[PDB]
Structures are given as C-alpha cells and as structure tokens.
Amino acid sequence: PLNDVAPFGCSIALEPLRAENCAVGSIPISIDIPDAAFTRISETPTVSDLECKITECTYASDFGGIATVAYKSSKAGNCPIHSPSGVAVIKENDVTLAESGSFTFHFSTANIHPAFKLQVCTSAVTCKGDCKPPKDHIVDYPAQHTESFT
Amino acid sequence: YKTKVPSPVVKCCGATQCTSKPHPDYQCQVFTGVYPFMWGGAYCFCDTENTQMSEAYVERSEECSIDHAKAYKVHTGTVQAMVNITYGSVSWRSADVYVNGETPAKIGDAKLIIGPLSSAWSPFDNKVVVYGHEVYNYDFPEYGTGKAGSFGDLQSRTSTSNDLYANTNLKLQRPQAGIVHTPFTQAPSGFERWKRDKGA
Amino acid sequence: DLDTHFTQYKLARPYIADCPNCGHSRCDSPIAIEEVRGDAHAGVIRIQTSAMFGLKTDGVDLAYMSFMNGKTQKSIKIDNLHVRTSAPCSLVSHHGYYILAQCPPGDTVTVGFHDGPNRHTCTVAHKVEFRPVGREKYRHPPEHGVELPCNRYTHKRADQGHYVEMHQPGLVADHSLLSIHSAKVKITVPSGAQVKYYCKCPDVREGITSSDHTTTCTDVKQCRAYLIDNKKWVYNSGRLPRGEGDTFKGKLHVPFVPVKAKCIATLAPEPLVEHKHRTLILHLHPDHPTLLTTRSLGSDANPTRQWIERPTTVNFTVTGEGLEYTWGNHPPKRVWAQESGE
Amino acid sequence: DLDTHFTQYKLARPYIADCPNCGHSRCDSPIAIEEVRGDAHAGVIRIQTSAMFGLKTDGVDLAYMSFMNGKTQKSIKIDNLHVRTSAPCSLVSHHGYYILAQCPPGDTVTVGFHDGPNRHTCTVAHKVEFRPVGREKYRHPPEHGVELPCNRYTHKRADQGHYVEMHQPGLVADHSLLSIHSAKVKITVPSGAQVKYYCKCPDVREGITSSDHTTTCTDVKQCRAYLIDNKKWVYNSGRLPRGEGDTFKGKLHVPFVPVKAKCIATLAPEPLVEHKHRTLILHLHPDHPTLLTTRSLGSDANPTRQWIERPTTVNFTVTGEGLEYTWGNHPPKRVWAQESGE
C-alpha cells in the first residue's frame, strides 16, 4: 500500500481520500494580523546593550542548544524572540524580562559553528559558538529541519 | 523461559500503583479503562476507574533443569587415555593414564610416561555452548547480557540459582474489551531457536 | 425475537440435493453443501445446507433441526451437529438454510449431524484459509493483540442487508409412490399433492390427481413418479431442478451478512532496536510470518517488503530526514537518523 | 497410590477463566487453557486447564471430572474428553489442573470435554511442532528405529521435581446473587461465604455478611456481586483476578515433569555406498528430511551439512586419512580412502 510505499512522507485514509502530512517543498504563506493584537513599540522594553552566548550547544534535532543572554532592558516585561536566520530553531517564542536580567532559551542547529542572529524584540545579536554531537538517535521527527552546507 | 504470570490485580474504582518487585525481568504495568467480564458479565461497577494491574516475571522452565543449553569458558586442561599394552610376554595391561610428561601409571607392571603432546589443538574453542550431547563451540554472548530472542535470553548461573538475567523484552499490553487476561508480548526464547536455527 | 423472519421459516422447506462425496460417494443429502464462503478472516465460514434448520416446521426454537427425510421434513433437535474441515470446526449460529461456524483452514469442508440412527453427513471441496487482517500471517486468531478492521459474519438473524432469490422447487422423484395395483403400476399422492404422471407406454399424460392407477404400462421403471409440491419454496440451488412453470415469489434475506467487525487480532513481538551510524540493525524474532516494510521519507521512497517468519537480523540505511518502520500490524515507528560519525 | 497429592486435590478447586475463542468467541470456560507446552519431542503436550479434574471434590478416582458450573464444582465422570489440534490428540494422563496428551503438530490447541447436555469446549493459539530427537526431521514417531535421549513428560503423578505457586482466588462475579427484594436489590450468599458488597449509591460499603438487602440502590446493574470464597486455593492464572488481601499459602507441585525418556525414535534408511577413487558416491534415498553431515578428519575439518528429504546422489572428496559419515541418527560411519588410482 501507498501508505507503505509512497514517497515524500504521506499517510492515507478511506475517508475523503486524503493523503495526510505529505512533507515536501515549501508553501508561500502570508497573514494579515489584527492590528489590535500588536503592541506599540514604546511599551515593550528595549533590550540592546546586551550579550548572547551559548553555554551547551547540542549539534542536534531536539532543542538541545541553549544560550544565556545578558539581557539589558529598559522597561521590564515580555520580549518576543526569533532567529531570522533559519540556522537556529528556538523553542521559546517569548521571554520574560526583569530590568536587565538574563534568561537562557533552548534551540537546535545544524552547523558546528552556529552564527545565527537573534532578534530579541528589535535587538539583533550573534549567538556565535560551537556545538556537540549527541548519542541517542531513535525516536520520531526533528525540530531542526535546517540542514545546509556546514 | 516460562512467563509464569502472577495473577493480575483488578481494583474496581481507582488506581493501584505497581512496584518493581525483584523477580527476574519483573515486568509490571498498571492499566485502567477496563470492565472485566468474569463469569457474571463485568463485576467492577465503575467504568473507567476500573483498574487492572498486570504483572509478569520470567522464570526457568521445568525443562531448564533437564533440557538446557550450557555455556562454558574453556581452557586447555589435560588429556587422558586407557592405554592397552599387551606387553611382551606380560600380554596385558589396560590402564588409564595422563599426558603430562612426568606422570607414571604403575598399573600392570610397567611404568610409563607419556607426552606432553605437541599438538595442542583443543578442538573446543575458548567459549562453548553445550546441549545434552551436541556441543557447540559458540561465542555465547555472556551471562547477564543476552539480547532477547538471541541465545541466552534467559541466563541462570545454574539450575538452582534463583537469580538470573532475563532479557526477553517482555512487554505487557492491556487486556482487551473489559475481559480478564494478561497480554504478555514476548520473544520466544533464544533457546527455542538454537534448537532449529542453530549451528552444527 | 426469533420470530421476525417467518419470511423464510414458514415459507421455505429443508431442501434436499446431491451431496458430492456423501461418506461413500454422491448421495442425496438434505444437508447438501453449496456456497462455501471461506472469504472472511475470523476463522469463520458461512455455509448453506440445503436443509433448513432453525425453528421447527411451525413456530419454535431456532436450536431445533428440520431436514428432509422422505418427501417429508423432520423438525427435531439439533443434538449432534458437526461442521468440520482439516479439524472439527466450531458452530457459531444457524438461521434458515444457513449456518455460520468457526473453522480452521482446510482443503475441503465436511459437514454433518447425527439423526441418531445414522451418521448421515455431507462433505464438499472448497479452498479455505484464514489470514487475519494485519501484516502478520498467522494461522489462527490469538487471545490478545491489537484490534483492527477485519471482515467477518454476524452472530445474529435480525438481518436484511441482502436477500437471495428463493422461489419454488421443481418436482422431485419418489418411486415409493409407484406401487403395483396387483397387475398395474399404482401411483399415490402425499396429501393431495400434485403428481405429474405418464409412462413410456400411452396412458394418462399430465397427472394432476389423487392416487391414480396406470392402465397401460406395468413396470415401475418406465413411469413418471413426480411431486409438484410447491406449498413451500426453496433455495435456488444449482442442484435443484427448475420448477418449469414460473418464477414464483419468495425473495428471502440472508442472515449472515459480512460485517466490519474489529476482530480480536494479531500482534507480532516487539523488535530489538540497535543503533548504528545512519543504520538500523534490527535483530528480529517473530511468532509468525510478518510482512515488514518501510518508507525512506525522501522523495526517493526506496521502500522494502519482506515477509519474515524466520528470525533475522536485518539492516536499513536510514537517511538524514527519517525512515519509518512497520513491525507487522504493530503501529508504524519512525526514526531520526542524523549523524553519528562525529 | 492415587492418594499422595492431597496437596492439590483437597485444597485446590477447578478454576474458571476466560477462554479466548470458546466455540463462538471469548466465553468463560472452566477448562480455559493456559500454559501450552509443545516443547517436548514425543508427540506430547502438557496442558493446564483452569479446571481441576482428577479425584472428585472429596477422595476417589483420578478418572473422574470436576469442573466449575456456577460458583460450584461438578465432580463427575470424564466420559468424553477431547484435546485436539490439527487432528484429534490422544490423552496421556491427567493430574490436578493438568493434562498430558499426545498430539500432532498444530498451529493451535483446541480442548474440550462433553458434559452431556453441551459440547462446552475451549480453544487457544499455540505454535506446536514435534521434531523427534535425531538428525531425521520426521513429523511423527515411528514403531521402530534406535532409542536415544529425548525430552518428554511422564505418565505419572508421584512427582515433586517442581512446584508452582497456587495461592487463593480473588473474588468472582455472580449476579445470580443480586435478586430483588420486591423493590430493592437483594444479595444472598452461597453457604455463608463472604460477599463483598455496595452499589454506586451509598449503602453497605464492605459486605462481609449473610444475605443482605440494599436500602439505597435498586438496579442490579450498579452493585458489587462478589464471592470471597477462599476455602480452596487456585492456580495463579493470568486470567485470575488477584486476591487483594495476601499471598496465602498453597505451594503445589507439578505432576508432568519433563524427564529424560529415551523415546522410541527415528531411523533413516541405510545408504547405498559406492566406491570411487578417494570419493564416495552415495546414491541416497531417505524417508524424511535427514540432516547428513561429515568431518574430514584432517586438521582441515571441511565439514558439510545438508538436510536431505529428496533422494540424491551426493559426493564426498575423502582424503587419505579418513572421513566419517552420519546418515541421520543412524550411527556414524567411517571410511579408509587410501589410493585407488594404481
């Protein structure tokens, strides 16, 4: 059966004749957010004059990569985060901040020297470093999905 | 092995936490969501709080005493012989001797020193398995390690030894559709095979 | 409610046909086996005897037993039914002409009750198997394992999902009728039934009568001993002679519809997962022949299939993105094999 | 001396458990089959029914038959036992919960007696085979051939070589108890046994009583019909509910120990020895698949193995010093092949 011989990762049902979960290629997705959901810029803390560094980067799929960040805030509150580079995939969307504290997040990468920017609510930073291979690879599918030239 | 299942617990309304008893390969897993048909339809009046705790450990078969493979670490030892000499005019001595080149055996009238032989090929390998009469110069994995299904899934020091190593991959599953029984999902033994997919 | 299918019961009779190897050879058994169906999965076969067991002639107790002895029924107890194959089967239920029974595989099918004075069985050829649904090729259903959608027949009778045509019987022979009137061959009648009669010589040419004589012929062996007795319809067996007059009514249901039961079903022992560099060694050890298969999830599928009954250490070149793994009807596994070569 | 194992007899009862394919489907048969052991060689299987046949309830005659009907035993005659598999087996002996029977190979095991009103059988899956010990792979023991050390179970009972734990039963359901007191649900007791009782509503919460009523609830289907009746222990079946109180005593032997009987055993027809120059042509013609093998006695072993069932002319490059030859469990031969090339 095609749910046992298909390519590019599909599952099947005698139901509307779907082929579920076919992981292949990309999708050009575009959203119109409600502007009410936005927070104006003058209310989130400005975080610059910070510092970022890995502490135990795991060169892996599960979110084993970690990095403290010397947060240098202005106000105190939440701060959404993301790596605009696809090198690093982060488990935390948002980090809470006191007045210029420090909070580690989790992530995963594919390049031995992860030189990925991190955009902590309008403040970029390179979390450069080096990572370690794991040992224990027999469980379902990854969060990394960013393999490239390394 | 013999999956000599101890009879599962069935608490009727609420959980029964299991503990890891020290039986060899004591597999035990609590289960809920039953409605156990036992001779009167079900008997526990709840419907999800009906709890069933299955437990199963591995134990030596009764055949383990008698029909059993047997590993060995084999060194060289010392070879023997019932050497007859119908000597000279003596005409007889049938004596058991050794090979080590200073042992006499004054059985009869003659004193005789044998060996040591130069041909030290012990046809036994270092590691050997033994079965009844068929001897297998097999690299048995070890006590304490044998992968389930593979040879030595059960590994008892001797027959008396209550302790053992039972990697059988014994995995209990929940009984079906509110009925009393014990799904034990297990590899038939690496002693079952090793009797019909063995070596010569 | 055993009283909801008088469609068949009142109106159908226990038919008698020609069993093929009826103990000795081709007899005419009332339990003549047609339409063997070893097409389900659950160890079950639905069978049709030409005999209509169930209620009696009149109104009571499914668990009684009406076959044809003579021109006549014999609506009595079911005491010692035996369906069997390579081994003795297990009855499941009877309704009408039809019985459901849990059988093992068998080259043939072999049926029979015991009236009490005689064995009186009937036997037939039919290729039977029981694959359970699943990638495990057992020979028999276990006590445990996963449930999954098998095909199987019901226990019950309150059933209309299909109906087979059951119109009249044709005539039948009965030379017990053709006695002798001390010089002439003498026909009689069951109960005023319609006896269709003439002999090779010229005498009465139709026969729709009470007990007639025969003026012309003398020998019993040259006359038409017939029974147009169409007060009760029959199953339209291939081993029936047509009732030449008409397609009478008698559309009649089937009890044992094939239904989407979830059989208590198969399960193969768990695998021994072993790591290597982008490679699954799997020492494996099943109970029965298990169809293993995989799907390397690249757009290069590169699948594999092999029934495994002999324990086997196998290998799978897993790629970077993943592979999946299907130990029988045990659920499909999945695996991240990124690097391990440091 | 059938009176030496009142360890089991007096103190154990015929247990009842859930047979998996009990004719129709999963019933609760007293002869519920656990621990099938097709592990010996002699065509024999040792089985445990949950039923304890043997002596009666009290004291007499191994060849009687006590299963559970109701909460109660029924210690009566064994008249029509049937163990069977692919074919009908042959009983060997019963003792306690346990029966030994000579069976052929079979994908399953299928057991059953006949009480007299009903067939009342029980059936189970178990992979069975019977290899005889020997390099011949028969399907069945012959009348003749060599004797050699097989594994096999005894006929007898005077047996202590092992013992299995047999502590109490847990409770059991019996909704025949929960009658109605004309508006309230009414429990009773067997003989003063310990009935463990309450309903979903709030009423009597333990139940250690004679026949109680139920003030609060009314429906039979929401109450605890239980029988703590631990006057006789049981086998510790997986299909038993635990007696939650304690690990009571009741260590109890096994009769049918596996013993080192020398089965009457196999033998393959003699070979046809044919000479050639340092070479044994052997036209060969077995009865059954025979594992032949040899040992070229040089320090170069160069052995060979092949099961032979199809008659085959084979060859063996014999050396100067010798070879040996093993036509099945027929004894090993030996051969001088010096020159023959002159």
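By convention in this text, residue numbers begin from 1 on each chain and track the written sequence, not necessarily the entry numbering, and residues missing coordinates are not displayed. For naming, the first written chain is A and the first written ligand is 1, with later ones following in the order written. What appears here is a fragment of a larger assembly, so each number quoted concerns just the fragment shown. Where side-chain values are given, they derive from all heavy atoms of the structure, hydrogens and water being excluded.

S.K.: Give a detailed account of the overall build of chain A, specifying residues and quantitative values.
M.R.: Only runs of H or I of at least four residues qualify as helices and only runs of E of at least two qualify as strands under DSSP, and these elements are numbered from the N terminus. Each helix and strand in chain A was counted, giving 1 helix and 9 strands. Put simply, chain A runs from its N terminus to its C terminus through helices and strands in the order α-β-β-β-β-β-β-β-β-β. Here the globule rule is a power law, 2.2 Å times the number of residues to the power 0.38, and the radius of gyration is based on C-alpha atoms. Over its C-alpha atoms chain A spans a radius of gyration of 19 Å, topping by over 25% the 15 Å that the globule rule assigns to 150 residues. Along the first, second and third principal axes, the C-alpha atoms of chain A reach 60 × 45 × 25 Å.

S.K.: Describe in detail the interface of chain B and chain D, supporting the description with residues and values.
M.R.: Contact between two residues is taken to exist if any of their heavy atoms lie within 4.5 Å; hydrogens are not considered. Each partner contributes residues to the interface: chain B has 35 residues there, and chain D has 41 residues. Accessible area, probed at 1.4 Å, shrinks when two parts are joined; the buried area is that loss added up over both. Of the roughly 3,200 Å² buried at the junction of chain B and chain D (both faces included), carbon and sulfur atoms supply 57%. Throughout this description, the term salt bridge denotes a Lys or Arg side-chain nitrogen within 4 Å of a carboxyl oxygen of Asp or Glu. On inspection of chain B and its partner chain D, the count reaches 3 salt bridges. Across the pair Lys2 of chain B and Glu35 of chain D runs a salt bridge, and its minimum N-O distance is 3.1 Å. Think of a polar contact as two N or O atoms within 3.5 Å of one another; within protein, one of them needs to be a possible hydrogen donor and the other a possible acceptor, and neighboring residues in sequence only count if both atoms come from side chains. There are 15 residue pairs in polar contact connecting chain B and chain D. Polar here means any residue other than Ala, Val, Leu, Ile, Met, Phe, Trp, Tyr, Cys and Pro, which are nonpolar, and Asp, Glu, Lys and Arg, which are charged; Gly is therefore polar. Its residues placed into classes, the side of chain B that touches chain D shows 19 nonpolar, 9 polar and 7 charged.

S.K.: Would you mind going over the nonpolar core in detail, with residue names and values included?
M.R.: As used in this record, nonpolar core signifies buried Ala, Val, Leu, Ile, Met, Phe, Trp, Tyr and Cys residues forming a set joined through side-chain atoms within 4.5 Å. Type-normalised accessible area, obtained with a 1.4 Å probe on protein chains alone, sets the label of each residue: buried when under 20%, exposed when over 50%, and partly exposed for intermediate values. Counting 52 residues, the largest nonpolar core has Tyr43 of chain B together with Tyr97 and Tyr98 of chain D as its most contacted members. With 26 residues, the next largest nonpolar core counts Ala12, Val92, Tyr97 and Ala261 of chain C among its residues.

S.K.: Which residues make up the environment of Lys249 of chain C, and what values do they have?
M.R.: Residues and elements named next belong to chain C. Note on placement: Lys249 falls in the loop between β14 (185-186) and β15 (251-253). As a C-alpha pair, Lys249 and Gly192 span 57 residues in sequence and 23 Å in three-dimensional space. The contact partners of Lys249, leaving out residues within four places of it in the chain, are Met166, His167 and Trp233.

S.K.: Describe the pairing of strand β20 (residues 290-294) of chain D, with residues and values.
M.R.: Residues and elements named next belong to chain D. Counting buried positions along β20 gives 5 out of 5 residues, so the element sits mostly inside the fold. Burial of the side chains of β20 extends over both faces: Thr290, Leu292 and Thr294 are buried on one face and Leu291 and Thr293 on the other. The pairing of β20 with strand β21 (residues 304-308) spans 5 bridges and is classified as antiparallel. From the neighbouring strand, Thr294 faces β21, where its bridge partner is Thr304. Pairing between strands is defined by DSSP: at least two bridges between them are needed.

S.K.: Any chance you could break down the state of the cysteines for me, citing the residues and the numbers?
M.R.: A covalent bond between the sulfur atoms of two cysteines is referred to as a disulfide. Only a pair of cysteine sulfur atoms within 2.5 Å qualifies as a disulfide here. Applying the stated criterion across every chain, the model contains 19 disulfides over all chains. Residue pairing for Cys18 of chain B: its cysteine sulfur links by disulfide to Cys28 of chain B, the two sulfurs lying 2.0 Å apart. Between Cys18 of chain B and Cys28 of chain B, the S-S dihedral sits near 130 degrees, and the bridge is therefore right-handed. Of this pair, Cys18 of chain B sits in the loop between β1 (9-11) and β2 (27-32) while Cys28 of chain B sits in strand β2; the two residues are 10 residues apart in sequence, bridging distant segments of the chain. Between the sulfur of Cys22 of chain D and that of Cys27 of chain D lies a disulfide, 2.0 Å long from S to S. On the sign convention where negative means left-handed, the S-S torsion of about 60 degrees between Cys22 of chain D and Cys27 of chain D marks this disulfide as right-handed. Given the relative accessible area of 17%, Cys22 of chain D is considered buried. On the basis of relative accessible area, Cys27 of chain D is assigned to the partly exposed category, the value being 23%.

S.K.: I'd like a description of the UniProt feature "disulfide bond" in chain A, backed by residues and values.
M.R.: Residue and element names in this part refer to chain A. A sulfur gap of 2.0 Å between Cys10 and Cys22 means the disulfide that UniProt records is present in these coordinates. Placement of the pair is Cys10 in the loop between α1 (2-5) and β1 (11-12) and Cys22 in the loop between β2 (19-20) and β3 (51-58), with a sequence separation of 12 residues. Here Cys10 falls in the buried class, since its relative accessible area comes to 6%. For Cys22, a relative accessible area of 29% puts it in the partly exposed group. UniProt positions are given in the numbering used here, feature names are shortened, and annotations may be inferred rather than shown by experiment. In textbook terms, a disulfide joins two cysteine sulfur atoms at less than 2.5 Å, and UniProt's bridge between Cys52 and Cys127 fits this description with an S to S distance of 2.0 Å. Of this pair, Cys52 sits in strand β3 while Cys127 is found in the loop between β8 (105-108) and β9 (131-132), placing the two residues 75 residues apart along the sequence. Among the residues examined, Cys52 registers a relative accessible area of 6% and is labelled buried.

S.K.: For unusual backbone geometry, give the residues involved together with the corresponding values.
M.R.: With an omega dihedral of 0 degrees, the bond running from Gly115 of chain B to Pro116 of chain B counts as a cis peptide bond. By the secondary structure assignment, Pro116 of chain B is in the loop between β4 (69-73) and β5 (127-131). Its identity is not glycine, yet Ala177 of chain B carries a phi of approximately 50 degrees, on the positive side. In this structure, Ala177 of chain B sits in the loop between β9 (171-172) and β10 (184-185). In this structure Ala177 of chain B comes out as exposed when scored by relative accessible area, which is 55%. Notably, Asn302 of chain C is not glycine yet its phi reads approximately 45 degrees, a positive angle.

S.K.: Any details on a nonpolar patch on the surface? Residues and values, ideally.
M.R.: Only residues whose relative accessible area exceeds 30% and that form no salt bridge are eligible for patches; like-charged ones are grouped when within 9 Å, while nonpolar side chains (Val, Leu, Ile, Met, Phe, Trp, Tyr) are grouped when within 5 Å. Using a 1.4 Å probe, accessible areas were evaluated by the Shrake-Rupley method; residue-level cover was limited to the displayed protein chains. A cluster of nonpolar residues, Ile27, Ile29, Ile31, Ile33 and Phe38 of chain A, forms a patch on the protein surface that exposes about 590 Å² of accessible area. Along the chain, the position of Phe38 of chain A falls in the loop between β2 and β3.

S.K.: Go over the arrangement of the chains with me, naming the residues and quoting the values.
M.R.: Ranked by contact count, the leading pair among the 4 pairs of chains in contact consists of chains B and D. A gap remains between chain A and chain B, with no contact made and the closest C-alpha atoms lying 17 Å from each other. Separated throughout, chain A and chain D approach each other most closely at a C-alpha pair spaced 28 Å apart.

S.K.: Which residues make up the sheet that holds strand β8 (residues 106-112) of chain D, and what values do they have?
M.R.: Residues and elements named next belong to chain D. Ordered by their spatial adjacency, 3 strands build an open sheet running β5-β8-β9, and the pairing between neighbours is antiparallel. For this open sheet the edge positions go to β5 (82-84) and β9 (121-128), each flanked by a neighbour on one side alone. Direction aside, neighbouring strands of the sheet carry axes that sit 15 degrees apart on average. Relative to β9, β8 runs antiparallel, the two sharing 6 bridges. Note that in β9 the partner of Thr110 across the bridge is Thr123. Here an axis means a line fitted to C-alpha atoms, over the contact stretch when the element is a helix, while the angle between two N-to-C directions is reported on a 0 to 180 degree scale.

S.K.: Tell me about the pattern of salt bridges, and please be specific about residues and values.
M.R.: Across all of its chains, the model carries 42 salt bridges over all chains by this definition. The closest approach of N and O atoms between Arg196 of chain B and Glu192 of chain B, which form a salt bridge, is 2.8 Å. Overall, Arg196 of chain B belongs to the partly exposed group, its relative accessible area being 33%. According to the relative accessible area criterion, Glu192 of chain B is partly exposed, its value standing at 31%. When the shortest N-O distance is used, the salt bridge between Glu34 of chain D and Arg239 of chain D registers 3.9 Å.

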